[PDB]
Amino acid sequence: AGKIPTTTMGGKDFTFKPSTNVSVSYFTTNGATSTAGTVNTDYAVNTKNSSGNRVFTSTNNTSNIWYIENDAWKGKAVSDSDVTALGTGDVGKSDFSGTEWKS
Amino acid sequence: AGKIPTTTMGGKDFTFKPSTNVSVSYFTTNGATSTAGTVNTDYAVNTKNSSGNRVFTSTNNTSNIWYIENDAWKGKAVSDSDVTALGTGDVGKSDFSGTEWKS
Amino acid sequence: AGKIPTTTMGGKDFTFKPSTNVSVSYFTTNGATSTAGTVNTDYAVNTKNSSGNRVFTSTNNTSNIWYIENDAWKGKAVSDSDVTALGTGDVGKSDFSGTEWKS
Amino acid sequence: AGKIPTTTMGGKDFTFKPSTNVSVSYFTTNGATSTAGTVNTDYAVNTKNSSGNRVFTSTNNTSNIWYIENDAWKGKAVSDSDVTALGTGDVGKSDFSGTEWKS
Amino acid sequence: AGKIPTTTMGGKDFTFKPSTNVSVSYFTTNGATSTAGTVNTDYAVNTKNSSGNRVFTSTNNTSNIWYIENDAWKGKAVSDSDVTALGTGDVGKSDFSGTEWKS
Amino acid sequence: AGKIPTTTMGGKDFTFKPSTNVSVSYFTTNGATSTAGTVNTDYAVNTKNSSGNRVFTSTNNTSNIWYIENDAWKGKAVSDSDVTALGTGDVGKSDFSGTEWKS
Amino acid sequence: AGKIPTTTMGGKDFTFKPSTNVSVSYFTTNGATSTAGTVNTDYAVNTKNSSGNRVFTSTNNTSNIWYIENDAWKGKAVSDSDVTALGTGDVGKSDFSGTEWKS
Amino acid sequence: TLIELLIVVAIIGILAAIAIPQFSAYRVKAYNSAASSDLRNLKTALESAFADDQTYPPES
Amino acid sequence: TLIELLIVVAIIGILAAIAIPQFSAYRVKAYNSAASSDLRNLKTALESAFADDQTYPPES
Amino acid sequence: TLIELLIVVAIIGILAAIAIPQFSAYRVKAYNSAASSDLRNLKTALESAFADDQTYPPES
């Protein structure tokens with residue numbers, strides 16, 4: 001769970017692959033349960049280049065691409081805890097108060 | 001007043017956010033008065049990137065996107081007076097004589 | 001004559017403006033005679049981007065949008081003779097034999 | 001036979017043309033026999049874009065637009081046999097058991 | 001019971017099918033009892049798109065189409081209890097006090 | 001007074017409701033006096049959509065539906081004075097000279 | 001066959017030329033048959049600098065650019081057999097198991 | 001390449017001005033046609049009520 | 001040159017955030033307008049069936 | 001300097017693989033939605049022709 005989806009609920013492949021060296025983490029309402037009768041109304045997704053100092057994230061009901069840009073982590077993947085990514089839950093987050101910013 | 005609306009009269013969010021570095025100014029007939037009994041029949045809106053030399057504007061009863069493109073201002077926002085934006089009033093402006101042009 | 005109409009017979013504005021850089025030519029049965037007692041039963045209209053190599057046209061009693069796509073003219077307007085537009089007359093043209101094609 | 005009708009029994013043109021790249025096949029009770037004394041009480045018609053993976057069909061006594069959506073054929077027309085279209089006969093088909101579905 | 005009728009009392013099919021993805025619920029005085037000697041003087045019927053946030057309903061002795069528009073339910077069908085539909089009983093409801101509104 | 005009647009003199013409901021967003025004004029000879037012994041021989045009635053630029057009216061002894069179509073008022077109801085509706089009195093008006101027209 | 005295409009099916013030039021010293025090999029479903037009635041739904045293409053130790057390849061239904069990077073060949077072209085290029089057939093190859101890699 | 005990012009910008013500007021039309025009349029006509037139909041319906045209601053009671057209904 | 005590859009990066013970052021809008025309401029309105037039209041159609045079906053049999057059809 | 005021409009090469013390689021997506025489904029959906037609209041239009045044409053001649057038009 002928590003990784004890039006490989007197939008949509010309609011049985012068609014998610015038909016998208018990441019770049020050569022970027023980590024991606026993806027979260028939705030009902031996880032990986034491809035029960036063919038559920039509806040994932042929201043998503044939260046984040047990406048970071050393994051050698052990059054920036055993690056980028058976006059959610060379903062928001063525009064813009066929101067970053068953090070901490071110089072500290074430079075050889076981590078988004079799977080690591082100390083990246084402050086948007087994990088399971090807080091999937092909509094139509095507003096941001098004081099953590100991440102792009103405006 | 002004069003800024004991007006955050007919520008429509010129906011109580012639903014205006015559900016749109018601007019780009020990372022663009023200033024936006026928005027004007028309507030009855031300003032910010034969300035009296036739940038008024039009808040704003042017209043709008044006048046303009047946008048400019050803070051580092052851009054062009055300000056873009058459009059109104060309710062007009063097609064096309066009308067610009068000015070003065071090299072002079074390059075680090076201003078549309079809130080500044082010396083941008084020659086479309087302020088409160090002149091909200092319809094279905095025609096343009098000699099100030100701004102896109103045709 | 002032969003240009004985009006600015007006002008309909010009812011005295012209301014034709015309330016449509018073309019794109020930034022597209023030439024438009026418009027023809028009807030009785031030309032520009034706004035005699036307030038005539039009825040234009042048909043129209044023939046064509047458009048082309050000044051920098052485009054395609055001219056697009058349609059008539060009253062036809063579906064589809066019929067083009068020509070001659071690479072030759074690339075900086076002309078539809079007002080020019082060497083564009084092979086649909087001029088005054090041949091306003092209905094419910095069928096096309098061998099000149100222009102979209103099917 | 002089996003193609004889009006060009007003229008109705010009243011001698012008036014069928015006055016409809018298909019899109020730029022869509023194949024259409026049309027079937028009725030008495031075929032093309034414009035004997036000026038017959039009555040076609042039913043029709044069965046199907047359409048597919050030549051580059052599309054879906055064939056769409058409907059009949060006289062049914063609502064909804066019923067598709068098949070087989071990825072296999074992608075450059076075929078509805079004239080081809082391996083499209084599983086609704087040919088001559090089975091023109092009413094007010095019900096569908098297990099072949100095509102839109103509900 | 002409570003679903004779209006398939007056949008009228010005269011033995012003729014109800015000869016109407018719903019849209020591709022809309023749930024429908026239908027109620028009448030004497031339910032499904034096709035005893036060929038009863039008379040259903042009233043009906044209460046409601047519809048909602050499975051992905052829609054609005055449920056629409058109407059009854060026999062009323063004009064207009066009355067909705068609720070709760071954002072809460074978005075993947076439910078009218079068969080679900082938490083939709084506040086017009087169930088069996090309250091079939092006429094020529095007036096509405098404070099629950100649903102279209103005026 | 002001056003609004004849509006809710007009940008006829010026979011004690012039966014007027015059993016008609018207006019559309020979702022249309023204002024209606026209704027006038028008769030003896031107003032609202034349901035004295036159970038009077039006879040209203042004539043009526044004058046007008047309707048307008050709150051967002052519409054046209055007010056429609058008709059009277060007892062006239063055919064056709066007579067409109068005005070002033071672009072000026074667009075968010076008014078027929079209750080407003082500046083709509084030039086047919087108020088109390090002039091209830092028959094079998095002829096129209098120069099104010100409103102449908103012919 | 002197997003080389004860079006010079007013209008597309010529409011009769012327009014393929015309007016692209018390779019770098020000064022790079023070999024290119026290109027494969028498609030129906031080879032060089034410009035029969036003006038076929039549709040090449042897929043492509044497989046590979047490039048290598050004559051003095052380079054890397055051969056780069058991509059196909060229609062895949063992202064990323066997949067390389068091999070064998071130091072062995074350094075003065076070969078992609079026309080040579082001992083380069084392990086993607087020849088005719090295996091034109092889609094939406095997945096790669098253990099031969100070439102970019103992830 | 002920089003030239004590619006000079007044509008991306010040159011197409012974004014083109015596709016951001018496609019002469020977007022005003023959808024004001026095309027909806028007020030619908031509103032008007034709703035009101036007119038409603039009035040023509042109300043006339044039927046009134047004239048049936050008169051044929052019931054020999055009188056048009058009292059106001060309100 | 002390195003400076004060219006410093007502006008390519010500076011434009012890729014700009015064109016990767018253009019305030020992409022949420023297309024959620026703009027589709028639920030379509031779904032709602034489909035359901036409402038369907039119901040208004042079903043009303044015609046019901047009221048014709050009654051004018052056939054003096055009774056609205058039995059459920060199911 | 002040689003080190004500058006070692007980072008130009010190291011950025012050209014990065015910006016030449018940005019996970020370019022396949023634009024196949026995103027267009028076949030458009031083709032399908034054109035064909036479906038066309039069929040729904042043709043249904044109107046057929047049912048108007050029947051209301052003219054009490055018969056659907058003969059084929060071809």
# chains A, B, ... in the order shown; residues from 1 in each chain; ligands from 1
$ residues_around --residues "residue 38 in chain F" --least-positions-apart "3" --cutoff "9 Å" --atoms "only C-alpha atoms" --output "list in words"
residues 9, 30, 33, 34 and 35 of chain F; 55 of chain H
$ closest_atom_pairs --of "chain J" --to "chain D" --cutoff "7 Å" --atoms "only C-alpha atoms" --output "tab-separated table"
residue	atom	partner	partner_atom	distance
J:28	CA	D:52	CA	5.3
J:31	CA	D:52	CA	5.6
J:32	CA	D:52	CA	5.7
J:35	CA	D:48	CA	5.7
J:36	CA	D:56	CA	6.2
J:38	CA	D:18	CA	6.8
J:39	CA	D:47	CA	6.3
J:49	CA	D:8	CA	6.7
J:53	CA	D:10	CA	6.1
J:54	CA	D:39	CA	6.9
J:55	CA	D:40	CA	4.7
J:56	CA	D:40	CA	5.0
J:57	CA	D:8	CA	4.2
J:58	CA	D:32	CA	4.6
J:59	CA	D:32	CA	4.2
J:60	CA	D:5	CA	4.2
$ calpha_fit_and_write --fixed "chain I" --moving "chain J" --output "PDB file with N, CA and C atoms, in the first residue's frame"
ATOM      1  N   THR J   1      25.147  25.405 -22.844  1.00  0.00           N
ATOM      2  CA  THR J   1      25.861  26.010 -21.725  1.00  0.00           C
ATOM      3  C   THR J   1      25.115  25.788 -20.414  1.00  0.00           C
ATOM      4  N   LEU J   2      25.856  25.844 -19.303  1.00  0.00           N
ATOM      5  CA  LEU J   2      25.256  25.620 -17.993  1.00  0.00           C
ATOM      6  C   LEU J   2      24.166  26.637 -17.684  1.00  0.00           C
ATOM      7  N   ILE J   3      24.327  27.880 -18.140  1.00  0.00           N
ATOM      8  CA  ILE J   3      23.311  28.891 -17.866  1.00  0.00           C
ATOM      9  C   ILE J   3      22.017  28.575 -18.608  1.00  0.00           C
ATOM     10  N   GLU J   4      22.113  28.001 -19.808  1.00  0.00           N
ATOM     11  CA  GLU J   4      20.909  27.578 -20.516  1.00  0.00           C
ATOM     12  C   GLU J   4      20.179  26.483 -19.747  1.00  0.00           C
ATOM     13  N   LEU J   5      20.927  25.542 -19.177  1.00  0.00           N
ATOM     14  CA  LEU J   5      20.346  24.482 -18.361  1.00  0.00           C
ATOM     15  C   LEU J   5      19.983  24.950 -16.975  1.00  0.00           C
ATOM     16  N   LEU J   6      20.205  26.224 -16.658  1.00  0.00           N
ATOM     17  CA  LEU J   6      19.677  26.815 -15.440  1.00  0.00           C
ATOM     18  C   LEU J   6      18.386  27.575 -15.675  1.00  0.00           C
ATOM     19  N   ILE J   7      18.095  27.933 -16.921  1.00  0.00           N
ATOM     20  CA  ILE J   7      16.824  28.561 -17.252  1.00  0.00           C
ATOM     21  C   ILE J   7      15.813  27.533 -17.741  1.00  0.00           C
ATOM     22  N   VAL J   8      16.267  26.465 -18.402  1.00  0.00           N
ATOM     23  CA  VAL J   8      15.356  25.361 -18.699  1.00  0.00           C
ATOM     24  C   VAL J   8      14.717  24.855 -17.413  1.00  0.00           C
ATOM     25  N   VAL J   9      15.535  24.657 -16.376  1.00  0.00           N
ATOM     26  CA  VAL J   9      15.030  24.248 -15.073  1.00  0.00           C
ATOM     27  C   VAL J   9      14.111  25.299 -14.469  1.00  0.00           C
ATOM     28  N   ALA J  10      14.380  26.580 -14.715  1.00  0.00           N
ATOM     29  CA  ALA J  10      13.570  27.638 -14.126  1.00  0.00           C
ATOM     30  C   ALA J  10      12.237  27.832 -14.837  1.00  0.00           C
ATOM     31  N   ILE J  11      12.105  27.360 -16.072  1.00  0.00           N
ATOM     32  CA  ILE J  11      10.828  27.387 -16.777  1.00  0.00           C
ATOM     33  C   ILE J  11      10.034  26.106 -16.553  1.00  0.00           C
ATOM     34  N   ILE J  12      10.715  24.959 -16.457  1.00  0.00           N
ATOM     35  CA  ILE J  12      10.014  23.715 -16.147  1.00  0.00           C
ATOM     36  C   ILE J  12       9.287  23.830 -14.815  1.00  0.00           C
ATOM     37  N   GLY J  13       9.929  24.450 -13.824  1.00  0.00           N
ATOM     38  CA  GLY J  13       9.276  24.647 -12.542  1.00  0.00           C
ATOM     39  C   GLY J  13       8.072  25.563 -12.619  1.00  0.00           C
ATOM     40  N   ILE J  14       8.130  26.581 -13.477  1.00  0.00           N
ATOM     41  CA  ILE J  14       7.004  27.500 -13.621  1.00  0.00           C
ATOM     42  C   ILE J  14       5.829  26.800 -14.292  1.00  0.00           C
ATOM     43  N   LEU J  15       6.087  26.132 -15.415  1.00  0.00           N
ATOM     44  CA  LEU J  15       5.013  25.503 -16.177  1.00  0.00           C
ATOM     45  C   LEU J  15       4.490  24.226 -15.535  1.00  0.00           C
ATOM     46  N   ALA J  16       5.069  23.789 -14.421  1.00  0.00           N
ATOM     47  CA  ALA J  16       4.571  22.635 -13.688  1.00  0.00           C
ATOM     48  C   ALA J  16       3.599  23.020 -12.583  1.00  0.00           C
ATOM     49  N   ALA J  17       3.338  24.314 -12.399  1.00  0.00           N
ATOM     50  CA  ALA J  17       2.374  24.799 -11.408  1.00  0.00           C
ATOM     51  C   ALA J  17       1.626  25.965 -12.052  1.00  0.00           C
ATOM     52  N   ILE J  18       0.467  25.669 -12.637  1.00  0.00           N
ATOM     53  CA  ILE J  18      -0.302  26.675 -13.362  1.00  0.00           C
ATOM     54  C   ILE J  18      -1.700  26.704 -12.747  1.00  0.00           C
ATOM     55  N   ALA J  19      -1.787  26.366 -11.460  1.00  0.00           N
ATOM     56  CA  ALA J  19      -3.041  26.396 -10.704  1.00  0.00           C
ATOM     57  C   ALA J  19      -4.097  25.510 -11.373  1.00  0.00           C
ATOM     58  N   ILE J  20      -3.778  24.225 -11.401  1.00  0.00           N
ATOM     59  CA  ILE J  20      -4.658  23.241 -12.035  1.00  0.00           C
ATOM     60  C   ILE J  20      -5.953  23.130 -11.232  1.00  0.00           C
ATOM     61  N   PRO J  21      -7.112  23.309 -11.851  1.00  0.00           N
ATOM     62  CA  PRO J  21      -8.359  23.371 -11.085  1.00  0.00           C
ATOM     63  C   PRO J  21      -8.980  21.998 -10.873  1.00  0.00           C
ATOM     64  N   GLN J  22      -9.780  21.915  -9.817  1.00  0.00           N
ATOM     65  CA  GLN J  22     -10.491  20.691  -9.454  1.00  0.00           C
ATOM     66  C   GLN J  22     -11.751  20.591 -10.303  1.00  0.00           C
ATOM     67  N   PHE J  23     -11.907  19.462 -10.976  1.00  0.00           N
ATOM     68  CA  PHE J  23     -13.069  19.226 -11.826  1.00  0.00           C
ATOM     69  C   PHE J  23     -14.036  18.253 -11.158  1.00  0.00           C
ATOM     70  N   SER J  24     -14.559  18.681 -10.013  1.00  0.00           N
ATOM     71  CA  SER J  24     -15.493  17.871  -9.247  1.00  0.00           C
ATOM     72  C   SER J  24     -16.917  18.391  -9.322  1.00  0.00           C
ATOM     73  N   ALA J  25     -17.125  19.669  -9.015  1.00  0.00           N
ATOM     74  CA  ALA J  25     -18.461  20.232  -9.125  1.00  0.00           C
ATOM     75  C   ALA J  25     -18.936  20.237 -10.570  1.00  0.00           C
ATOM     76  N   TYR J  26     -18.022  20.489 -11.508  1.00  0.00           N
ATOM     77  CA  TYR J  26     -18.379  20.765 -12.891  1.00  0.00           C
ATOM     78  C   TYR J  26     -18.955  19.539 -13.575  1.00  0.00           C
ATOM     79  N   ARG J  27     -18.853  18.388 -12.922  1.00  0.00           N
ATOM     80  CA  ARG J  27     -19.335  17.090 -13.364  1.00  0.00           C
ATOM     81  C   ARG J  27     -20.515  16.585 -12.548  1.00  0.00           C
ATOM     82  N   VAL J  28     -20.528  16.856 -11.238  1.00  0.00           N
ATOM     83  CA  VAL J  28     -21.682  16.488 -10.424  1.00  0.00           C
ATOM     84  C   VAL J  28     -22.906  17.280 -10.860  1.00  0.00           C
ATOM     85  N   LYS J  29     -22.714  18.521 -11.322  1.00  0.00           N
ATOM     86  CA  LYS J  29     -23.851  19.245 -11.887  1.00  0.00           C
ATOM     87  C   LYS J  29     -24.420  18.520 -13.101  1.00  0.00           C
ATOM     88  N   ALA J  30     -23.549  17.969 -13.950  1.00  0.00           N
ATOM     89  CA  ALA J  30     -24.017  17.197 -15.097  1.00  0.00           C
ATOM     90  C   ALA J  30     -24.785  15.959 -14.648  1.00  0.00           C
ATOM     91  N   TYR J  31     -24.255  15.247 -13.653  1.00  0.00           N
ATOM     92  CA  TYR J  31     -24.955  14.073 -13.133  1.00  0.00           C
ATOM     93  C   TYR J  31     -26.340  14.448 -12.614  1.00  0.00           C
ATOM     94  N   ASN J  32     -26.416  15.546 -11.862  1.00  0.00           N
ATOM     95  CA  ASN J  32     -27.679  16.005 -11.300  1.00  0.00           C
ATOM     96  C   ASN J  32     -28.669  16.362 -12.401  1.00  0.00           C
ATOM     97  N   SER J  33     -28.201  17.082 -13.424  1.00  0.00           N
ATOM     98  CA  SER J  33     -29.072  17.455 -14.530  1.00  0.00           C
ATOM     99  C   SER J  33     -29.505  16.259 -15.362  1.00  0.00           C
ATOM    100  N   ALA J  34     -28.742  15.167 -15.346  1.00  0.00           N
ATOM    101  CA  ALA J  34     -29.222  13.941 -15.973  1.00  0.00           C
ATOM    102  C   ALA J  34     -30.350  13.326 -15.157  1.00  0.00           C
ATOM    103  N   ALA J  35     -30.161  13.238 -13.837  1.00  0.00           N
ATOM    104  CA  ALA J  35     -31.183  12.619 -12.993  1.00  0.00           C
ATOM    105  C   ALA J  35     -32.486  13.414 -13.018  1.00  0.00           C
ATOM    106  N   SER J  36     -32.393  14.746 -12.997  1.00  0.00           N
ATOM    107  CA  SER J  36     -33.596  15.576 -12.986  1.00  0.00           C
ATOM    108  C   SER J  36     -34.385  15.426 -14.283  1.00  0.00           C
ATOM    109  N   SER J  37     -33.690  15.448 -15.422  1.00  0.00           N
ATOM    110  CA  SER J  37     -34.337  15.211 -16.707  1.00  0.00           C
ATOM    111  C   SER J  37     -35.000  13.842 -16.736  1.00  0.00           C
ATOM    112  N   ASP J  38     -34.305  12.829 -16.211  1.00  0.00           N
ATOM    113  CA  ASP J  38     -34.872  11.486 -16.184  1.00  0.00           C
ATOM    114  C   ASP J  38     -36.168  11.452 -15.386  1.00  0.00           C
ATOM    115  N   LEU J  39     -36.189  12.113 -14.229  1.00  0.00           N
ATOM    116  CA  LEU J  39     -37.400  12.118 -13.410  1.00  0.00           C
ATOM    117  C   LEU J  39     -38.542  12.839 -14.119  1.00  0.00           C
ATOM    118  N   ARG J  40     -38.245  13.986 -14.737  1.00  0.00           N
ATOM    119  CA  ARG J  40     -39.284  14.725 -15.451  1.00  0.00           C
ATOM    120  C   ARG J  40     -39.838  13.915 -16.618  1.00  0.00           C
ATOM    121  N   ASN J  41     -39.013  13.043 -17.197  1.00  0.00           N
ATOM    122  CA  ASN J  41     -39.465  12.133 -18.248  1.00  0.00           C
ATOM    123  C   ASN J  41     -40.351  11.027 -17.676  1.00  0.00           C
ATOM    124  N   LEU J  42     -39.917  10.451 -16.558  1.00  0.00           N
ATOM    125  CA  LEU J  42     -40.680   9.393 -15.911  1.00  0.00           C
ATOM    126  C   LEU J  42     -42.064   9.881 -15.509  1.00  0.00           C
ATOM    127  N   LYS J  43     -42.179  11.161 -15.146  1.00  0.00           N
ATOM    128  CA  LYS J  43     -43.499  11.704 -14.829  1.00  0.00           C
ATOM    129  C   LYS J  43     -44.436  11.617 -16.029  1.00  0.00           C
ATOM    130  N   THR J  44     -43.933  11.944 -17.226  1.00  0.00           N
ATOM    131  CA  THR J  44     -44.742  11.798 -18.431  1.00  0.00           C
ATOM    132  C   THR J  44     -45.163  10.353 -18.617  1.00  0.00           C
ATOM    133  N   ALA J  45     -44.227   9.425 -18.400  1.00  0.00           N
ATOM    134  CA  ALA J  45     -44.560   8.012 -18.567  1.00  0.00           C
ATOM    135  C   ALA J  45     -45.679   7.595 -17.616  1.00  0.00           C
ATOM    136  N   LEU J  46     -45.553   7.972 -16.343  1.00  0.00           N
ATOM    137  CA  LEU J  46     -46.566   7.637 -15.346  1.00  0.00           C
ATOM    138  C   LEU J  46     -47.924   8.222 -15.707  1.00  0.00           C
ATOM    139  N   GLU J  47     -47.953   9.495 -16.094  1.00  0.00           N
ATOM    140  CA  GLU J  47     -49.240  10.133 -16.309  1.00  0.00           C
ATOM    141  C   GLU J  47     -49.897   9.682 -17.604  1.00  0.00           C
ATOM    142  N   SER J  48     -49.120   9.182 -18.563  1.00  0.00           N
ATOM    143  CA  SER J  48     -49.725   8.535 -19.720  1.00  0.00           C
ATOM    144  C   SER J  48     -50.281   7.166 -19.344  1.00  0.00           C
ATOM    145  N   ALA J  49     -49.543   6.414 -18.522  1.00  0.00           N
ATOM    146  CA  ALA J  49     -50.040   5.108 -18.102  1.00  0.00           C
ATOM    147  C   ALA J  49     -51.357   5.235 -17.344  1.00  0.00           C
ATOM    148  N   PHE J  50     -51.474   6.253 -16.488  1.00  0.00           N
ATOM    149  CA  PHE J  50     -52.742   6.467 -15.793  1.00  0.00           C
ATOM    150  C   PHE J  50     -53.856   6.768 -16.786  1.00  0.00           C
ATOM    151  N   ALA J  51     -53.582   7.628 -17.768  1.00  0.00           N
ATOM    152  CA  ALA J  51     -54.597   7.921 -18.768  1.00  0.00           C
ATOM    153  C   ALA J  51     -54.922   6.715 -19.628  1.00  0.00           C
ATOM    154  N   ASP J  52     -54.114   5.662 -19.551  1.00  0.00           N
ATOM    155  CA  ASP J  52     -54.501   4.393 -20.160  1.00  0.00           C
ATOM    156  C   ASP J  52     -55.416   3.573 -19.259  1.00  0.00           C
ATOM    157  N   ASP J  53     -55.007   3.342 -18.012  1.00  0.00           N
ATOM    158  CA  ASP J  53     -55.654   2.338 -17.177  1.00  0.00           C
ATOM    159  C   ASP J  53     -56.437   2.911 -16.002  1.00  0.00           C
ATOM    160  N   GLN J  54     -56.602   4.233 -15.925  1.00  0.00           N
ATOM    161  CA  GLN J  54     -57.233   4.904 -14.786  1.00  0.00           C
ATOM    162  C   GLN J  54     -56.502   4.623 -13.477  1.00  0.00           C
ATOM    163  N   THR J  55     -55.285   4.090 -13.554  1.00  0.00           N
ATOM    164  CA  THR J  55     -54.506   3.749 -12.374  1.00  0.00           C
ATOM    165  C   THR J  55     -53.028   3.842 -12.708  1.00  0.00           C
ATOM    166  N   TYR J  56     -52.240   4.333 -11.759  1.00  0.00           N
ATOM    167  CA  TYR J  56     -50.802   4.301 -11.936  1.00  0.00           C
ATOM    168  C   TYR J  56     -50.295   2.864 -11.826  1.00  0.00           C
ATOM    169  N   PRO J  57     -49.245   2.523 -12.570  1.00  0.00           N
ATOM    170  CA  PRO J  57     -48.835   1.126 -12.654  1.00  0.00           C
ATOM    171  C   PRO J  57     -48.405   0.596 -11.304  1.00  0.00           C
ATOM    172  N   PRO J  58     -48.583  -0.703 -11.062  1.00  0.00           N
ATOM    173  CA  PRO J  58     -48.085  -1.299  -9.822  1.00  0.00           C
ATOM    174  C   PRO J  58     -46.566  -1.320  -9.783  1.00  0.00           C
ATOM    175  N   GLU J  59     -46.031  -1.298  -8.565  1.00  0.00           N
ATOM    176  CA  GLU J  59     -44.588  -1.251  -8.375  1.00  0.00           C
ATOM    177  C   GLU J  59     -43.922  -2.513  -8.909  1.00  0.00           C
ATOM    178  N   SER J  60     -42.635  -2.388  -9.228  1.00  0.00           N
ATOM    179  CA  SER J  60     -41.819  -3.501  -9.714  1.00  0.00           C
ATOM    180  C   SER J  60     -42.402  -4.143 -10.971  1.00  0.00           C
TER     181      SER J  60
END
$ atom_distance --atom1 "CA of residue 84 in chain E" --atom2 "CA of residue 103 in chain D"
24.3 Å
$ atom_distance --atom1 "CA of residue 68 in chain D" --atom2 "CA of residue 37 in chain A"
20.5 Å
$ residues_around --residues "residue 61 in chain F" --least-positions-apart "3" --cutoff "8 Å" --atoms "only C-alpha atoms" --output "count of residues only"
4
